[PDB]
């Protein structure tokens, strides 16, 4: 594999069509899904030359820990849909690559089993029908060693996934929500979580500048600027199009991550040049899992690491902080 697109071809071959569609699809007409790619393709980097590259490092510090790249595995529910080892395969590869892995509320292996793999696990929260149960998942995650709570704030309910409707898609009987034996979140829910944990709370799914500012005021340790991979509001702006304005409004008050359509180390460089602290990567990780299990995810992360180091050095950046100081130009 020499690009992330090699892995998509491989995953399309192996997966059942309805599972590939559950993975690939977006809501509505898929306008926001396509726009995430369009938006990144319009960004061009203005590289710098002739800088010292003797010790190029792709490492960052985030939420108290070093990470090997400015990247984490995005939360993706039900990873046993894609490979029998599901989340354990992905978490082991992420641990070995030094990349944080986001354990999902709707994981198909329990959060404690995935946390026991080690590494830097974060935990993604969906707000449940009652405050006490929500907070119990948060406490389980914290007890299990998760390092951050990634509270998804863009899913008061699931979007209209027309591929899934047309396919009549349902979970196979062999895939379950292993953390179990949902409700719209509000700013009150954020405060309940913030009061219940010492872990940093990261709000995933922020697009309005005013919501990024309120996230900082609310005590969030980070936000993920994101339209949920085009799976929630069809017509929501891409996160990459709001990122620069959000980074300026936040003034360093929290970490600002972005996701949606990151498909290469050059895309990671674009996101960092627009001001991101780090990116999330979703679908490509599942392509690698589907294609070749744990080893596939390892190969994907090795390729991304090579592409990030290559792009940074070609752009004159010995560190991720230098990459954040790059300028960009929109093209056509």
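Positions refer to the first chain, counted from 1.
Among the other PDB entries of this protein that were compared and that flank it with modelled residues, residue 245 is modelled in all, so it is never left out in a third of them. Modelled in this chain, residue 191 is likewise resolved in all the other entries of the protein that span it on both sides, not missing from even a third of them. Where coordinates are absent for parts of the deposited sequence, a chain break appears; between neighbours residue 181 and residue 182 it spans 10 or more residues. Of the two segments examined, 151-159 and 166-174, it is 166-174 that shows the higher average Cα temperature factor in the deposited entry. Remark: stretch with higher mean C-alpha B factor among 317-325 and 6-14 is 6-14.
Ranking 284, 275, 64, 47 by Cα temperature factor from the entry places 64 first. Of the candidates 30, 59, 267, 52, the PDB record gives 52 the highest C-alpha temperature factor. Split the chain's modelled residues into thirds by C-alpha temperature factor. Residue 252 is in the highest one. In the PDB entry, a CA B factor belonging to the lowest third of its chain's modelled residues is recorded for residue 75. In the PDB entry, residue 211 places in the lowest third of its chain by CA B-factor. Looking at the C-alpha B-factors along this chain, the one for residue 19 belongs to the highest third.
Split the chain's modelled residues into thirds by C-alpha temperature factor. Residue 229 is in the lowest one.
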